[PDB]
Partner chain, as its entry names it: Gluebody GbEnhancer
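Presented below, as structure tokens, is a lone chain in the form solved without the partner chain.
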């Protein structure tokens, strides 16, 4: 199957920036929708940003302008550039690989959704 491993999360001062990266391991041919979620302490999961294979993007109103989602097609890796960070942004950020088509050269594959592990983001 597939591992989503997020990185780029660290303690940061308000007004500062991070770039979160989620790498997708395995025999990936394509990912339909890749979506960034975050889980603030004692809040429900919040939808942040999404990118289609094709590079069409969308953002929660709470982050439009500040955050930018992008893809390295070569590496099955998506990025969340976060600028003008606020305490409200303090959360564990994980990615969803919706409609993930995997396939070995043997012709055996899978179509499934995968969830990352999370990267901790702390804004002072």
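Positions refer to the first chain, counted from 1.
This protein has a second form, the form deposited with the partner chain bound, left out of what is shown; the following refers to that one.
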Out of 35, 77, 90, 81, which one falls within 4.5 Å of the partner chain in the deposited bound form, going by heavy atoms? 90
Non-hydrogen atom contact residue 15 with the partner chain in the deposited bound form at 4.5 angstroms: no
Whether residue 120 contacts the partner chain in the deposited bound form should be assessed with a 4.5 Å heavy atom distance threshold; does it? yes
Note that the partner chain is not shown here; using its position in the deposited bound form, name the residues of 10-31 with a heavy atom within 4.5 Å of it, in sequence order. 10, 11
